[PDB]
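Peer 1:
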Amino acid sequence: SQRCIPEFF
Amino acid sequence: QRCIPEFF
Amino acid sequence: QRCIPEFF
Amino acid sequence: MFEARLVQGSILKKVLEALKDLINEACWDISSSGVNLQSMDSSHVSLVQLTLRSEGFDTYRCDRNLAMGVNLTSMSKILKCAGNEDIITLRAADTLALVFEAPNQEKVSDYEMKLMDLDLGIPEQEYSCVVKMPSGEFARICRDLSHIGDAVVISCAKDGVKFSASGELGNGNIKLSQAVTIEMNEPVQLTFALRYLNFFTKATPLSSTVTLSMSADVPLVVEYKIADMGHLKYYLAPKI
Amino acid sequence: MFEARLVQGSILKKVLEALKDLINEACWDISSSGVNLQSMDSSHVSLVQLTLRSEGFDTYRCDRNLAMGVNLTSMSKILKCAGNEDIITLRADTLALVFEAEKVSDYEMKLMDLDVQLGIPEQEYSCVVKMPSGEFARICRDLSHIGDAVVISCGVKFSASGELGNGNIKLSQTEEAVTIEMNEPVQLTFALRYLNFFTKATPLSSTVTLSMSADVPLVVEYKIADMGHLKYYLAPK
Amino acid sequence: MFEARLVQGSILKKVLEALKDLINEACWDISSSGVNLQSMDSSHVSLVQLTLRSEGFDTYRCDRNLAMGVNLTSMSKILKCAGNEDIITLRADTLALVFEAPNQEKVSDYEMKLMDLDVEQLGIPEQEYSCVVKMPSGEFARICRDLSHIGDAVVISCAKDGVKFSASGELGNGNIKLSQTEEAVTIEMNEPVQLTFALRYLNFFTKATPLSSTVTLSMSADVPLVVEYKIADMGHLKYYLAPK
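Protein chains in written order, with the deposited numbering: chain F, 56 to 64; chain B, 57 to 64; chain D, 57 to 64; chain E, 1 to 92, 96 to 122, 126 to 184, 194 to 255; chain A, 1 to 92, 97 to 105, 109 to 123, 125 to 162, 166 to 185, 192 to 254; chain C, 1 to 92, 97 to 185, 192 to 254.
This is the structure in structure tokens:
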């Protein structure tokens, strides 16, 4: 369930 | 090599 | 890479 | 073209130590304002943002914006060749030159590093909770909970912050109260991967303090101040 | 049900460091008189007997006898999470370890069902050697360079032989003292591999006591402050 | 019969440390003038010459020239059982090493199995060297280890003002400048030089650094480099490196 930086930035 | 249970 | 006996 | 002279040459050594294992390759962004580096790790779960202002350097000279693609392990190797008391000068632009000038010996080291052609907007944001705590303590918390689980739940509230992990051995909760400073506007509870945090904590020697900024469903910011020269920020995307 | 507070928490850290590589799994016998752990190693060549008296705990409450089966590697990992200046509280299917440095750490360790075992008879020993713990650590560590067995002759003499050659280390009767209490000389052979496990207890005590007699287990005894001891029994070859 | 008492036993510890990884087996030449060891490494790119003079020992007796074939890793293992302030007595089929603790009644005697070697000593002719640099040993150890990050070979260039160490590789290249100045760099030159050497051998040589605060590099064209560590007031440890 690890999200990634691009999804927020 | 001997073991502990023979003495205790 | 030479060797020592080559010199001594 | 570019000449940065740092008398506290060990800042640059500790900077590369805090990046080399997390980021293999990065573009160093050089300009009159200073040295910037921004890079995600290979998994894009984390992002590092390094800022070294021109004013923090003892001498700084830059007549054009430079983008120097650097293999950070090659740069780490060269910086290991520098002593802790050395004056380090960076110079360039197909190679980056690093010049190590001995504090008190008649010794100058000259390293010429091949570069490579390497071809995100960090939006301004407020955070609900901001925790400022000793850097060594945060390092210990992350290392210690790595023995328990792979994820850490960070729960922040007015009283303080709690780090919780769970695994086969059992569970662990580390609670800090209150120097631990908590600027809280909204309690948060987020889950992060301990493996990345244990990479961030290699920046611990740079700063006696670390600042964690957190908000609901946004990346954690782990911030190390670098003297009066800049900062090393780590962003970590949350789980779930 | 059980709660023990140890202000000198580093004792427990050193204790687990002195057991985890010798003993995989042990049962922590808990009662009103204190904490007791007795276990053989997997090969039944050595026996560990740990005693931590209730009087040595700064706070001690125990309302029933507990038998807590513990994975000592698991327990060691949690005690790694305690700082050397932390107050450690044990509390009880789970063991709760609380470390107090502001900072409070709270660990819950899964226990295991362990039904384990042996009675140790009180004994008179022909020879009792008391020596600095660090000296015994070196002697055993150094002689393992030469042979895998040591002959202890009681001054006291430690001898080993292998393919390199042989060595003899000779200590003469003198904190940093070497005292020998002997009614009869003895000469016993032991495996150095086990002795180098025993010496992991060296941080617990500045002194170690060796008790020997013909045809009986060696006793390697580390005194723990005012609160008890860690004893190692090693069967002679 | 042979008996040599070395109060500063750490000398012998350090010597074995500086030889063990470079040379597996060597013949210890014992005589009334002292202890000598000469051996090339496996690849005959390097030669070590150790001299421990008899007057450096506090007691020295030798009634017969002895040639003891020693496994240096076996001898290193035994010398690891000596404390750093122990009094070490060498005594001689087997070589006996006796360690007397400086404080506390502890005596270790070790008996080491010897082996039969047939080292065909190579003759070393002293000669005049174009350049001789004396420099802190720690500095030289720093140099060879740092540059081995960069490349597999070091170019050593000596001129009046100073000496330079240069290496190149995939990563890039490095140049270390030492200019002549206990903590000093002196250069005695009669002819400028430029030689290339394998850093992997130099990094074995620098294990002798704790023997001497200073190291002497002797260089000339078409002759092996000499890396010389002086041992107290009793001898030296010389390494000879064939140049590429």
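We put the beta carbon where it would ideally sit given N, CA and C, even for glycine.
List, in order along the chain, the chain E residues whose C-beta lies closer than 8 Å to that of A:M116?
Peer 2: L175 and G176
Peer 1: How would you label E:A171, buried or exposed, when you count the other beta carbons within 10 angstroms and need 16 or more for buried?
Peer 2: buried
Peer 1: Can you grab the Cα-Cα spacing for the pair E:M1 / C:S152, in whole Å?
Peer 2: About 30 Å.
Peer 1: Please report whether the beta-carbon of A:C81 lies at a distance below 8 Å from any beta-carbon of chain E.
Peer 2: yes
Peer 1: Is there at least one Cβ from chain C nearer than 8 Å to E:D113's Cβ?
Peer 2: yes
Peer 1: Is there a Cβ of chain E sitting closer than 8 Å to that of C:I180, yes or no?
Peer 2: yes
Peer 1: Does the Cβ of C:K248 have 16 or more other Cβ atoms within 10 Å, making it buried, or fewer, making it exposed?
Peer 2: buried
Peer 1: Are the Cβ atoms of C:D165 and C:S141 separated by less than 8 Å?
Peer 2: In this structure, C:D165 sits away from C:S141, with a CB-CB distance that is not shorter than 8 Å.
Peer 1: How should A:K80 be labelled, buried or exposed, when 16 other C-beta atoms within 10 angstroms of its C-beta is the threshold for buried?
Peer 2: exposed
Peer 1: Taking the beta strand (DSSP E) that E:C135 belongs to, which residues open and close that run?
Peer 2: Start and end: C135 to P140.
Peer 1: What does E:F207 pair with, by DSSP beta-bridge criteria?
Peer 2: In DSSP, E:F207 forms a bridge with E:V158.
Peer 1: Going by the beta-carbon positions, is the gap between A:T226 and A:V136 smaller than 8 Å?
Peer 2: Contact: yes.
Peer 1: Going by the DSSP bridge assignment, what does C:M40 pair with across the sheet?
Peer 2: Beta-bridge pairing links C:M40 to C:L47.
Peer 1: Ends of the beta strand (DSSP E) at A:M199?
Peer 2: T196 to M199
Peer 1: From what residue to what residue does the beta strand (DSSP E) around A:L247 run?
Peer 2: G245 to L251 is the span of the beta strand (DSSP E), which, as asked, contains A:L247.
Peer 1: Where does C:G56 fall in DSSP's three states?
Peer 2: helix
Peer 1: Among E:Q131, E:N213 and E:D58, which one has its Cα closest to the Cα of E:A18?
Peer 2: E:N213
Peer 1: Round the Cβ separation of C:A26 and C:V70 to the nearest angstrom and send it over; I've been treating them as touching at under 8 Å.
Peer 2: 6 Å
Peer 1: Go to C:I78, then tell me how far its alpha helix (DSSP H) extends in each direction, as first and last residue.
Peer 2: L72 to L79
Peer 1: Figure out for me which residue from A:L66, A:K20 and A:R149 has the closest Cα to the Cα of A:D29.
Peer 2: Of all alpha-carbon atoms in A:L66, A:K20 and A:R149, the one lying nearest the alpha-carbon of A:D29 is that of A:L66.
Peer 1: To the nearest angstrom, how far is the alpha carbon of A:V48 from that of C:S43?
Peer 2: 51 Å
Peer 1: Can you find the residues in the same chain that come closer than 8 Å, C-beta to C-beta, to C:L209, ignoring five residues on each side of it along the sequence?
Peer 2: Cβ neighbours of C:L209 beyond the five flanking positions: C148, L151, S152, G155, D156, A157, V158 and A171.
Peer 1: Closest to A:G178 by CA distance: which of C:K110, C:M40 and C:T196 is it?
Peer 2: Cα-wise, what sits closest to A:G178 is C:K110.
Peer 1: Do the segment 235-244 of chain C and the segment 49-64 of chain C meet, that is, are 3 or more Cβ pairs less than 8 Å apart?
Peer 2: Between the segment 235-244 of chain C and the segment 49-64 of chain C there are three or more inter-stretch CB-CB distances shorter than 8 Å, so the stretches are counted as touching.
Peer 1: Using a Cβ-Cβ cutoff of 7 Å, what residues of the segment 27-42 of chain E are near chain F? List them in chain order.
Peer 2: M40
Peer 1: Decide if C:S10 is buried, meaning its Cβ has at least 16 other Cβ atoms within 10 Å, or exposed.
Peer 2: buried
Peer 1: Of all the CB atoms in chain F, is at least one closer than 8 Å to the CB of E:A171?
Peer 2: no
Peer 1: I'd like to know if C:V195 contacts chain E, where contact means its C-beta is closer than 8 Å to some C-beta of that chain.
Peer 2: yes
Peer 1: Got a sec: is the Cβ-Cβ distance from C:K14 to anything in chain A below 8 Å?
Peer 2: no
Peer 1: Is it buried or exposed for C:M119, if we count other Cβ within 10 angstroms and need 16 for buried?
Peer 2: Exposed, because fewer than 16 other Cβ atoms sit within 10 Å of the Cβ of C:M119.
Peer 1: Mark E:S74 as exposed unless 16 or more other C-beta atoms lie within 10 angstroms of its C-beta, in which case mark it buried.
Peer 2: Classification of E:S74: buried, given that the 10 Å Cβ count is 16 or more.
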